[PDB]
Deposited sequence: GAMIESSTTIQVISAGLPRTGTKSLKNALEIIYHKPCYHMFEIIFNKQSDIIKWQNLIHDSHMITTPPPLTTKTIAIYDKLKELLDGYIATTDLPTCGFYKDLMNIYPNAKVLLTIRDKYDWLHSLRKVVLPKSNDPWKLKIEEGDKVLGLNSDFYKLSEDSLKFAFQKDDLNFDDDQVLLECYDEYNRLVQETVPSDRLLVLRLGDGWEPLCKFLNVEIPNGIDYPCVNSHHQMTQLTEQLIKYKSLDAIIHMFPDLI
């Protein structure tokens, strides 16, 4: 197909929750558009200064005139990106739809129990889980402090629309997961939505986006809980990111 000059603006809004293939999608979108895609990894590795901006945004977003102030902040944060995935953005998908009226919406989904088990190993271990101590240690090596965890928890609460949330309760999380995914499919016009099951790969995505399947490039498969466990252990061992970054080429 012909090469065309794509606009550097948000073209794709992904509503999928963490641990649903969002980093693979981020990588795939960057392969298609040759511009960056937002993801929690963007905050952790490139823009930790964004953390307080997202926290402020979530704080203001329970609240027209104040709507515009928030929408402007949302635009500032996403400037120069061509897509959004993952926390903290995914909870804002309805607002992003208004701000970027020509952007299409994706929903990444998977088996709810596989999701919960992935989440527990990586994002939200039970507070009695000894692994949680390793996660906290690896996080410190990356320079992630209490404000990062606050942003993580608050943006999940915001996505699930729940003033508080027993994070140690599987049944609660499973119910929020199903309800969240259900509400996305109800809220977004089917013309504007593509639902992607883990493992679907390039074809339905590229069709939806009217682009050619990348030549000879397999659809990304990254950010497994096994890989994140290795990253955590390596961070603990070497006490820096830069010491090991060459060992995780596509992941980061």
ask   = Deposited sequence versus model: which ranges have no CA atoms?
value = 64 to 70
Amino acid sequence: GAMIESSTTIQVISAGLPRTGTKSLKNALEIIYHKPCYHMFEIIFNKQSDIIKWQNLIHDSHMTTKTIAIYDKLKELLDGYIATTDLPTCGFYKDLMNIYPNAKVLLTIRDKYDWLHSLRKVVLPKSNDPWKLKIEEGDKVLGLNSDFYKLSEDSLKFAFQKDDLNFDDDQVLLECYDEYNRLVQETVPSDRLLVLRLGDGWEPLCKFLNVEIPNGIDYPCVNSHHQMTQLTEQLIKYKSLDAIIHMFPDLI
From here on, numbers count along this sequence of modelled residues.
ask   = When the C-alpha temperature factors are averaged for each of 95 to 103 and 128 to 136, which stretch ends up with the higher value in the entry?
value = 128 to 136
query = Out of 213 to 221 and 36 to 44, which one has CA B-factors that are higher on average in the deposited record?
reply = 213 to 221
request  = Determine which member of 194, 63, 52, 28 has the highest CA B-factor, using the values in the deposited entry.
outcome  = 63
query = Which is it among 89, 161, 118, 108: the one with the largest CA B-factor in the entry?
reply = 161
note = Split the chain's modelled residues into thirds by Cα B-factor; residue 112 lands in the lowest
query = So where's residue 84 on the chain's Cα temperature factor ranking, which third?
reply = lowest
Chain-relative CA temperature factor third for residue 72 = highest
ask   = Considering only modelled residues of the same chain, in which third does the CA B-factor of residue 165 rank: lowest, middle or highest?
value = highest
Record-listed C-alpha B factor of residue 231: chain third = lowest
